Each structure stands twice: as C-alpha cells, then as structure tokens.
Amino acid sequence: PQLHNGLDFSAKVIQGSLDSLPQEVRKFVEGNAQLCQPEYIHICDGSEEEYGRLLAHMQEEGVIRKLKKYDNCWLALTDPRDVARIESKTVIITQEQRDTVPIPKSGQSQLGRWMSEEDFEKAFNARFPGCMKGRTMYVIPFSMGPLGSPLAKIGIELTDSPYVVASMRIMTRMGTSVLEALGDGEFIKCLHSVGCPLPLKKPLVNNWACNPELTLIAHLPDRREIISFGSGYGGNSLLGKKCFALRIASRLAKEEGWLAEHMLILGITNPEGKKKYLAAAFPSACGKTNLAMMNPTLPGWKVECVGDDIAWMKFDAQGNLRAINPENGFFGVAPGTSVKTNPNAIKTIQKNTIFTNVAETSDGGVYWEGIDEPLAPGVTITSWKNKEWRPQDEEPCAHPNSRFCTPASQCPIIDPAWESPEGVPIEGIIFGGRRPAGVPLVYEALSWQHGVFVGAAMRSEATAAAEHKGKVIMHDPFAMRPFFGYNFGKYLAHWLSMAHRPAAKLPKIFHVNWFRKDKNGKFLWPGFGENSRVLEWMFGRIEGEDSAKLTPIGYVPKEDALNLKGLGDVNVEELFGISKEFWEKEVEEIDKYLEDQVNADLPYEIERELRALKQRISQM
C-alpha cells in the first residue's frame, strides 16, 4: 500500500497496536503523526500501571513533585505565562461568521472569536508541522459521560504532554474500554501540542513546556475537531472539558435538542425526607464548587454533589428536565478552600490528587491563601514560583487560579446517581455572579421568559480564571460568555423554545448574589455553609409555599421567611434593598449591551422582558 513505507508508524509504537485501532482512529493517529513527527507513539490503556509510569516519567523530568505528606498526591509548577484560559486566543471556525457570533451593531463581538477557514489554515500550518519532534505522542481514548451510555460522547485526544494524560485520567473515563465501546462510531478529534519541539530553542521556566507566543485554541464544529497549541493549562489542554463538553457540545445540543451548560448539579434533602436536584450557573471562580459540595449549617439538611462545572440536560418522555455530569472528577480552584469553607473538598483532595501552582510545605504538604490552617514550628513554605516564601511578603504563595485535580468518586458526599445514565431530574435553575452593589441576595423569576432574560442579563466581577484584570463588572450571560459554541441569539431562542415542549415541567429560575458589600467594603452575607438558608427558601418555593413578595425585579422572600436564626446581626435591609437609581442604570447597560452584541438575532421575547422590566422600574 506504500512505495517506501514512510507512512507506517508501527515501528514507533511503544504501547499498543495501530492494528487494534478502528479505521478512522488509526487514520487520525497516523495522519497527525506524519505532520507533527513524534518520536514515539503511546496508545493509552488507562491502567494503573500506565499511570504509575507516567508519574515516574514526569518526576524524572522535573515536571511534578511528590507531596510525601499525602497518599499519591503530586504538585506541578507551570510557566507563569501559562496559568489560565486565554479567551482572546480561543477561536471558533465556521463558514459563516453569523453561525458563531451575532453580527454586532457597532463594536466587536464579546460573545466569541470567529475565524475563517482560510485564516486558520495559515495559523495551523505555521505551528504544527514538526511540533512534536523528539517527543511522545499519547493517544487518549476518552468518554464524556458514563461509559457505554447512549448519551455519552467519545473523543480521541492526541497530545505530547504526560501532564495532560494524567489529568485526563482523572477528569474523564479513558482507556482501552472506550476504544471497545467506540467501535466504528463517530468520535471528536482532539489534537494538542505544547509547541516545544526538541532540541529546545528556548529555555523552559519550571521545566514547563509551553509556547505562549503561538498559543491558539481552535474549534471546528463542522469537522468535530478541536485543535490546541502552545498551552498546558487545564482549560486549554484538557480538550474534553471546556472545548468539547461546552463549546462543541453546545452546538450539538442546539442541533439535537438538548443543553450543554456551565452548571453544577446538586441534590438537596430536607428533614421531611424529600430530595430535589438543582442546577446553578455561576461564572468562573464564582462559587459553583463550594455550593455543590456545601456542608449545610441547618440541621436535618443534606447536600450531595452530582457535578460541579458542566451539565448536559435534556427533557425525557415524561417531560422532566434530566441532567448528567459528563466529567469524572473535579478541577477546582484551590485558594480559599479550608475546613470552614469547603470541608468536603478537603476530605477529597488528600489522595490521588494532582495540584497545580499551589505552595509546598517542607513536610510534604500543600498551602495556599485561605487554607486557614497554622503550620507547625520549623515548617517552611515554597511558593508556586519555586522560591522561598514568608507570610510577610507581597507575592502570594499560591497562584490565584491554582487548581486541584481529584477524582469525583472520592468525594464523601458524591450523589448515588452521579453515574446514572438516565440523569437526575432538575426542578430549579440558579443564576448569579459577583455583584458588590445593588443586586439583592436572592430573587425568583416571574416566568420562564423572564428567567431566560435574567440569565441573559448576568453581570459579574472579573476573576483570575481568564486574562481579565481590574475586577471590572463584565457581562457573562448564563455564565457562558467564554464558552458559546454558536450564535448567542440562537442560544437564547433555543432556551426560550423549551417552553413550547409538550408536557414540559419547566424548573423554577432563581438569581442569587453571595457577594454584595456594605459601605465599609466587607461582605454582607457569610455564604458557604450559610447558603443552605437560601436553598431552603428555594426548596419551599418549588413545593409551592406562599413565602414570596412581588417586587419590580421578581419575587423576594417575605419578611421572616428566611431562617436567619444563629445570625441576627444580618442587615436585612441592605441585603434586599432595591434602589430605583441603581436599577435604572442597570437596565440601560443591559439595553446597550443586548442591542449592540445580539442586534438582529435578539429574540423578541427577550426584548419584551427588557421593556417590561424598564417599565416596572420607572413606576417605582
């Protein structure tokens, strides 16, 4: 079948067989092996023996360090330039720009970066040829969602980073059994490279292979391809997560009639023995993980975690909105995690966990801002910059977007239906973001269409999860601004169309704000475990309790309708204060944003809600 072989990479396979691969999978492996020119090919089997060799490899290359204080925990330190997502270098390629983003009326679009095929071809050909020279190409077969389940989606990620392989083993279901389930079926093509071919032209920082200058994360939904170059950080390199399960999947969901959202899924049980499931979309670094693992302070209440970041939802034959968590672990923000804020996370991350960019203690432990644990005398701290660090410096010991990567099955409060292929029934959806002023603690939408408008109007302070600085209040509708895989106007019409479904049991929609501050600049709400008091009110509202009061922005709890026992000091007046002056400016900014950014793709029912809210505020 060949004249000089040349295209047969069988001699370079150090684990597995190209013969054992399905036809379309081998073509994908061999085609990119010809282009990237790796020295070795490793077909992953997901075994414990393989994971051990990958760790020892990384440890011999100075990529990770063993945290001897815990059981099978490891620390990785990255280049300070490769620490988070880069929204400005995350592009979607479609034939028509209108399929990716609405055509803005004035400025440029904030709802996604579109790039033509012709432009991406030039960018691709300038990066990937020979990019894996001297390195191993790992072939990761992985499933998003329970293996063998009909709703699960399968991908193949090619990467030259063992750090990516080890993280994908935690965050997805990967190995030989996925190739057996895939067969000749369709799979999502994922290609990743750190962009540092050997021999090294440039010296690496902290032994972290990356190419910041050429970083590009590209999505080709028409070709079911994800192509990532230059970055090793999880959001850019774990292509099953944000790239697949949110950006690519949101477009497939639009085409197939389901939903892919940036949401946690939890189950909450009340003292009367009743349990309901809730989903919550908060922007990055705005509280999803802490809410989904919450230890409630109300007696008789129990929270269980289905997932903390991504939800795939679909109406069943009975009209229930059912959700699954397609992920296999948690990729959570480390700073702020303590026994008092998220004790269930502390119990989880003590074994089989990979930490990135946190501080190391001299006795083999971890440290970060907000850990709230004193160290023993003589224990010294090494910062994420691999330097000596004292508590009286200015640099934090851990990067603000440092992460743990831990298996979901180790969480003490993991929900017993978290791997159920039928999903869990959602009865409530929660929106919310970081708003230091104006936005009350919690309110309830007036209808399904008003609730969609509430999601579309979400604003929040910038965080360390992306490249945004200044804590400026940005728009982040549905917490999905960095993750839309298609036109945001069509996304809104997709959400609105669910109210047309026959026998659809539409959940209630709430909006919360844990982050409101007083005149002094400190938080008015204790949050974390105390957020169970807000969830209690939502639970009763779903049951139909008459505990709400009508306001121009929606329903708020009645007086003495929230359980505030054990606090008392809470300035309830400022937690639910609705200033006409604040909200007149808020609707103006929402109006200017929706008019410019969504333009002719803005559904009329969203504009009608904007006009209705503007009228109710003027009547105050």
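Residue numbers run from 1 along the displayed sequence. Superpose the two forms; the largest set of C-alphas matching within 1.5 Å is the rigid core.
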- Core fit done; bigger CA RMS in 8 other deposited structures of this protein for 37-45 or for 560-568? 560-568
- Item | in 8 other deposited structures of this protein, rigid core aligned: more displaced of 67-75 and 517-525 by C-alpha RMS | 517-525
- Note on the structure: As the entry reports it, the stretch among 545-553 and 425-433 with higher mean C-alpha B factor is 545-553
- Quick one: higher average CA temperature factor, 525-533 or 329-337? 525-533
- Message: Comparing recorded Cα B-factors across 299, 175, 155, 400, which one is largest?
- Response: 299
- Message: According to the Cα B-factor stored in this entry, which of the following is highest: 586, 45, 60, 39?
- Response: 60
- Based on the entry's values, in what third of the chain does the Cα temperature factor of residue 389 lie: lowest, middle or highest? highest
- Query: Of the three thirds of its chain by CA temperature factor, lowest, middle or highest, which one includes residue 379?
  - Reply: highest
- Query: How does residue 252 rank on Cα B-factor within its chain, lowest, middle or highest third?
  - Reply: middle
- residue 128 - Cα temperature factor, lowest/middle/highest third of chain: middle
- Query: In terms of the chain's CA B-factor thirds, is residue 519 lowest, middle or highest?
  - Reply: highest
